[PDB]
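Trainee: Below you'll find the structure I mean.
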Protein chains: 2
Amino acid sequence: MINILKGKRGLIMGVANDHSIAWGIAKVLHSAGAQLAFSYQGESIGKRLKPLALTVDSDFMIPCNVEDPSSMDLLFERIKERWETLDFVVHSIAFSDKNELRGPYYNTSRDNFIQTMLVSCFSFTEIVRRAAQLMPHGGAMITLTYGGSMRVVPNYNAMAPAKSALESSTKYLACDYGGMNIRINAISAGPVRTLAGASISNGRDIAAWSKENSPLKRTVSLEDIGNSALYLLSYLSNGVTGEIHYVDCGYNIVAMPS
Amino acid sequence: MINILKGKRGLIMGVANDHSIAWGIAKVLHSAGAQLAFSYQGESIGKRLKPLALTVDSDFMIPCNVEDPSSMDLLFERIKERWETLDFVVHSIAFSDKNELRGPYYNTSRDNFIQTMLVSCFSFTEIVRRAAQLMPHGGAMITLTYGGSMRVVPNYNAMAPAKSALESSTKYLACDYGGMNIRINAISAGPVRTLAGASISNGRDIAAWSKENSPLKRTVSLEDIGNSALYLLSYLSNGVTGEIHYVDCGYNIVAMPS
Ligand SMILES: NC(=O)c1ccc[n+]([C@@H]2O[C@H](COP(=O)([O-])OP(=O)(O)OC[C@H]3O[C@@H](n4cnc5c(N)ncnc54)[C@H](O)[C@@H]3O)[C@@H](O)[C@H]2O)c1
């Protein structure tokens, strides 16, 4: 009963399996009428994406290494050879050495910090500025963040300044592109069940904690995020740019457990 | 007649001349009793620092390039050959390419971003880890930041996500080290007429705008920042850690001019 993206086409980055946030988003954005292009980071991923993409009417798949600006130049070159125009971009790329997401933050190595910054923060700047060039009549973009950027989440470590800066760049990008009628927002998702446990050593704990202590008593679903993304990428969110939108079943509001 | 820093020893990072924030801080800390060590970046800065440091009774000056791990190691070796233990650190170091502090944030290049991040953000993590080893009974450190991290200031560009990451790591460092009674805080200063300040285009306009529209209608002085540093580094702020403390004559609270 929703087709507000009828006739709109966009780019989805961040799919790694059927449990990826970018995938939940993809499903919901397609059900609302969007044509999807996808990027993929590796071969195993491409092989899982292929069937997934097919179930949302799409064979448009383009490998990309978000750490290499040439790769991204190429990603847009391949996109452009089918679409002269783009309406939205989903950026859900998060990487860090998972072995360094344990113990105290001060053990963050310089190279992991550089790499985590590059992939988890600056890639959005890169992509956004490439994509804008295909939005001559405006458009909308989102990145993904987590509340661990601003309050201390144990183990999160290197991810934390990276998101913090991602959130910062989100707001600067919004100001840059605002005159061109491009909107740039972020979704601060809560832990997603099962996904949490594979991303970081205490993921299960973080999630269980979040579900026990959120006002809504559940964790956010992939579909929740998909619908919030649908909101921020459609005309519905026309009065909204540069927003760090919290979609965590309200976990962020509670100061302590009951 | 203050002397709450009687018998304390501290590291001052970031003096470049007699207008530097770290210098204002050094002056008020010294006048409250503290013995001071200084790190300087280059030879001209060193030549300018010798006479100054002399006026606060110090010849304890060590070179240090903060994008060089070896050099920060050497810095702390040179400290230890005189002091086995240390009471406080001031981290007042920033860098970004003058050329990129102009125009839209999206023109920020990858290399300037990595470098700005290393020097402006991660160098604090670097320094904090080494210094902590010199505070077996606890102590206090501060870094410097600016409200441009979280609200958009024209031309501030790459400095913004860098400061944001810096504010993030401050809180994370505060959690890693609170068990050791080491407090880690930051000062968010209003505009001050400095050497690195003149890298930003239209910083003059920025400072005039911030002065005109602040509740107090004045700019912060090196002494204001020095005094808030004295607070943040002594027994006075014993209940304060992880705090981003605004010392900007209240600019941040005003939503629009009157
Ligand atoms: N200038 C302002 O108005 C202002 C506003 C609030 C916050 N801040 C912050 O204050 C601090 C900057 O000092 P400042 O503004 O008094 O100007 P400044 O230029 O006098 O001092 C900046 C220092 O950063 C140092 N630095 C740069 N690269 C270095 C390296 N590789 N190794 C060691 N040192 C290096 C410089 O040597 C210099 O001493 C920064 O954290 C800055 O972001 C500045």
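In the structure tokens, chains take the letters A, B, ... in the order shown, each chain's residues start at 1, and ligands count up from 1 in the order shown.
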Please identify all protein, DNA and RNA residues within 8 Å of ligand 1, counting only C-alpha atoms and all ligand atoms, and report them as a PyMOL selection string.
Mentor: chain B and resi 13-23+39-42+45+64-68+91-95+119-120+143-147+159+163+187-198
Trainee: What does the C-alpha RMSD come to when chain B is least-squares superposed onto chain A, all C-alpha atoms paired in sequence order?
Mentor: 0.9 Å
Trainee: CA of residue 155 (chain A) and CA of residue 245 (chain B), how far apart in Å?
Mentor: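 Those two atoms sit 25.4 Å apart.
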Trainee: Quick one: contact table of chain B to chain A, 8 Å max, nearest atom pair and distance in Å to one decimal per residue, counting only C-alpha atoms, chain and number order, as a tab-separated table?
Mentor:
```
residue	atom	partner	partner_atom	distance
B:104	CA	A:176	CA	5.6
B:105	CA	A:172	CA	6.4
B:106	CA	A:129	CA	6.2
B:110	CA	A:122	CA	7.7
B:114	CA	A:114	CA	6.8
B:118	CA	A:114	CA	7.9
B:122	CA	A:110	CA	7.8
B:125	CA	A:106	CA	6.5
B:129	CA	A:106	CA	6.3
B:149	CA	A:168	CA	6.3
B:150	CA	A:168	CA	5.9
B:151	CA	A:171	CA	7.6
B:152	CA	A:172	CA	6.0
B:157	CA	A:172	CA	7.5
B:160	CA	A:168	CA	6.6
B:161	CA	A:165	CA	4.1
B:162	CA	A:165	CA	6.5
B:163	CA	A:165	CA	8.0
B:164	CA	A:165	CA	5.4
B:165	CA	A:161	CA	4.0
B:166	CA	A:161	CA	6.9
B:167	CA	A:161	CA	7.9
B:168	CA	A:161	CA	5.3
B:169	CA	A:161	CA	6.0
B:171	CA	A:152	CA	6.7
B:172	CA	A:152	CA	5.8
B:173	CA	A:106	CA	6.7
B:175	CA	A:152	CA	7.5
B:176	CA	A:104	CA	5.7
```
Trainee: Write the selection just made, keeping N, CA and C atoms, as a PDB file, in the first residue's frame?
Mentor:
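Output saved as selection22.pdb:
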```pdb
ATOM      1  N   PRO B 104      33.425  24.358   0.140  1.00  0.00           N
ATOM      2  CA  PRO B 104      32.527  23.322   0.643  1.00  0.00           C
ATOM      3  C   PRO B 104      33.311  22.155   1.220  1.00  0.00           C
ATOM      4  N   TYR B 105      32.773  21.539   2.268  1.00  0.00           N
ATOM      5  CA  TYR B 105      33.454  20.435   2.928  1.00  0.00           C
ATOM      6  C   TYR B 105      33.740  19.259   1.979  1.00  0.00           C
ATOM      7  N   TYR B 106      32.899  19.060   0.979  1.00  0.00           N
ATOM      8  CA  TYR B 106      33.076  17.896   0.128  1.00  0.00           C
ATOM      9  C   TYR B 106      34.368  17.931  -0.711  1.00  0.00           C
ATOM     10  N   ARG B 110      41.168  13.240   0.614  1.00  0.00           N
ATOM     11  CA  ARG B 110      41.520  12.087   1.439  1.00  0.00           C
ATOM     12  C   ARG B 110      42.785  12.268   2.320  1.00  0.00           C
ATOM     13  N   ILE B 114      43.150  12.306   6.391  1.00  0.00           N
ATOM     14  CA  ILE B 114      43.927  11.365   7.192  1.00  0.00           C
ATOM     15  C   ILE B 114      44.860  12.137   8.103  1.00  0.00           C
ATOM     16  N   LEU B 118      44.984  12.297  12.204  1.00  0.00           N
ATOM     17  CA  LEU B 118      46.162  11.904  12.966  1.00  0.00           C
ATOM     18  C   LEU B 118      46.655  12.999  13.922  1.00  0.00           C
ATOM     19  N   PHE B 122      43.836  11.700  16.821  1.00  0.00           N
ATOM     20  CA  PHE B 122      44.473  10.513  17.388  1.00  0.00           C
ATOM     21  C   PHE B 122      45.743  10.790  18.220  1.00  0.00           C
ATOM     22  N   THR B 125      45.087  10.470  21.816  1.00  0.00           N
ATOM     23  CA  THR B 125      45.059   9.083  22.268  1.00  0.00           C
ATOM     24  C   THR B 125      46.491   8.614  22.497  1.00  0.00           C
ATOM     25  N   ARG B 129      47.888   7.615  26.332  1.00  0.00           N
ATOM     26  CA  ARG B 129      48.454   6.287  26.681  1.00  0.00           C
ATOM     27  C   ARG B 129      49.829   6.339  27.346  1.00  0.00           C
ATOM     28  N   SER B 149      32.682  21.174  15.714  1.00  0.00           N
ATOM     29  CA  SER B 149      32.595  19.731  15.592  1.00  0.00           C
ATOM     30  C   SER B 149      31.161  19.236  15.388  1.00  0.00           C
ATOM     31  N   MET B 150      30.191  19.927  15.987  1.00  0.00           N
ATOM     32  CA  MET B 150      28.816  19.409  16.101  1.00  0.00           C
ATOM     33  C   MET B 150      27.774  20.320  15.451  1.00  0.00           C
ATOM     34  N   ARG B 151      28.090  21.601  15.333  1.00  0.00           N
ATOM     35  CA  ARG B 151      27.255  22.514  14.588  1.00  0.00           C
ATOM     36  C   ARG B 151      28.120  23.068  13.465  1.00  0.00           C
ATOM     37  N   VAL B 152      27.511  23.350  12.316  1.00  0.00           N
ATOM     38  CA  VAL B 152      28.300  23.615  11.121  1.00  0.00           C
ATOM     39  C   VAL B 152      28.845  25.042  11.053  1.00  0.00           C
ATOM     40  N   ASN B 157      35.479  22.845   7.757  1.00  0.00           N
ATOM     41  CA  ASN B 157      35.667  21.622   6.979  1.00  0.00           C
ATOM     42  C   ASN B 157      36.315  20.406   7.676  1.00  0.00           C
ATOM     43  N   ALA B 160      36.319  19.671  11.461  1.00  0.00           N
ATOM     44  CA  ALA B 160      35.077  19.325  12.141  1.00  0.00           C
ATOM     45  C   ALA B 160      34.930  17.837  12.488  1.00  0.00           C
ATOM     46  N   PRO B 161      35.059  16.940  11.496  1.00  0.00           N
ATOM     47  CA  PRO B 161      34.952  15.555  11.946  1.00  0.00           C
ATOM     48  C   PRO B 161      36.119  15.185  12.855  1.00  0.00           C
ATOM     49  N   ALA B 162      37.268  15.820  12.646  1.00  0.00           N
ATOM     50  CA  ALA B 162      38.425  15.583  13.496  1.00  0.00           C
ATOM     51  C   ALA B 162      38.126  15.938  14.956  1.00  0.00           C
ATOM     52  N   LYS B 163      37.625  17.151  15.205  1.00  0.00           N
ATOM     53  CA  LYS B 163      37.220  17.549  16.559  1.00  0.00           C
ATOM     54  C   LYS B 163      36.142  16.650  17.154  1.00  0.00           C
ATOM     55  N   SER B 164      35.249  16.168  16.307  1.00  0.00           N
ATOM     56  CA  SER B 164      34.185  15.329  16.799  1.00  0.00           C
ATOM     57  C   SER B 164      34.762  14.010  17.295  1.00  0.00           C
ATOM     58  N   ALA B 165      35.647  13.426  16.499  1.00  0.00           N
ATOM     59  CA  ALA B 165      36.339  12.204  16.879  1.00  0.00           C
ATOM     60  C   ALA B 165      37.137  12.435  18.161  1.00  0.00           C
ATOM     61  N   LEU B 166      37.681  13.637  18.268  1.00  0.00           N
ATOM     62  CA  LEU B 166      38.448  14.005  19.432  1.00  0.00           C
ATOM     63  C   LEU B 166      37.550  14.053  20.672  1.00  0.00           C
ATOM     64  N   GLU B 167      36.362  14.631  20.538  1.00  0.00           N
ATOM     65  CA  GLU B 167      35.437  14.682  21.669  1.00  0.00           C
ATOM     66  C   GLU B 167      35.008  13.293  22.053  1.00  0.00           C
ATOM     67  N   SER B 168      34.761  12.466  21.050  1.00  0.00           N
ATOM     68  CA  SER B 168      34.444  11.069  21.299  1.00  0.00           C
ATOM     69  C   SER B 168      35.554  10.342  22.100  1.00  0.00           C
ATOM     70  N   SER B 169      36.786  10.421  21.608  1.00  0.00           N
ATOM     71  CA  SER B 169      37.875   9.665  22.220  1.00  0.00           C
ATOM     72  C   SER B 169      38.165  10.140  23.635  1.00  0.00           C
ATOM     73  N   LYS B 171      35.893  10.944  25.788  1.00  0.00           N
ATOM     74  CA  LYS B 171      34.958  10.281  26.691  1.00  0.00           C
ATOM     75  C   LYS B 171      35.392   8.843  26.874  1.00  0.00           C
ATOM     76  N   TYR B 172      35.830   8.228  25.781  1.00  0.00           N
ATOM     77  CA  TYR B 172      36.268   6.840  25.815  1.00  0.00           C
ATOM     78  C   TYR B 172      37.532   6.673  26.668  1.00  0.00           C
ATOM     79  N   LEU B 173      38.500   7.569  26.479  1.00  0.00           N
ATOM     80  CA  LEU B 173      39.688   7.634  27.340  1.00  0.00           C
ATOM     81  C   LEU B 173      39.325   7.841  28.814  1.00  0.00           C
ATOM     82  N   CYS B 175      36.735   6.742  30.306  1.00  0.00           N
ATOM     83  CA  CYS B 175      36.259   5.472  30.858  1.00  0.00           C
ATOM     84  C   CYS B 175      37.367   4.459  31.063  1.00  0.00           C
ATOM     85  N   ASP B 176      38.329   4.421  30.138  1.00  0.00           N
ATOM     86  CA  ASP B 176      39.467   3.514  30.247  1.00  0.00           C
ATOM     87  C   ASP B 176      40.281   3.817  31.504  1.00  0.00           C
TER      88      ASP B 176
END
```
Trainee: Leaving out region 234-241 of chain A and any residue of its chain fewer than 6 positions from it, which residues lie within 9 Å of it when counting only C-alpha atoms, given as a list in words?
Mentor: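 My reading of the contact set: residues 4, 5, 88, 139, 140, 171, 174, 175, 178, 182, 183, 184 and 185 of chain A.
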Trainee: Where does DSSP see alpha helix (DSSP H) in region 62-253 of chain A, if you list the residues as a PyMOL selection string?
Mentor: chain A and resi 69-80+110-117+123-132+159-177+195-199+203-213+222-233
Trainee: Just the number, please: distance in Å from CA of residue 142 (chain A) to CA of residue 225 (chain A), one decimal.
Mentor: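 That distance, rounded to one decimal, is 11.4 Å.
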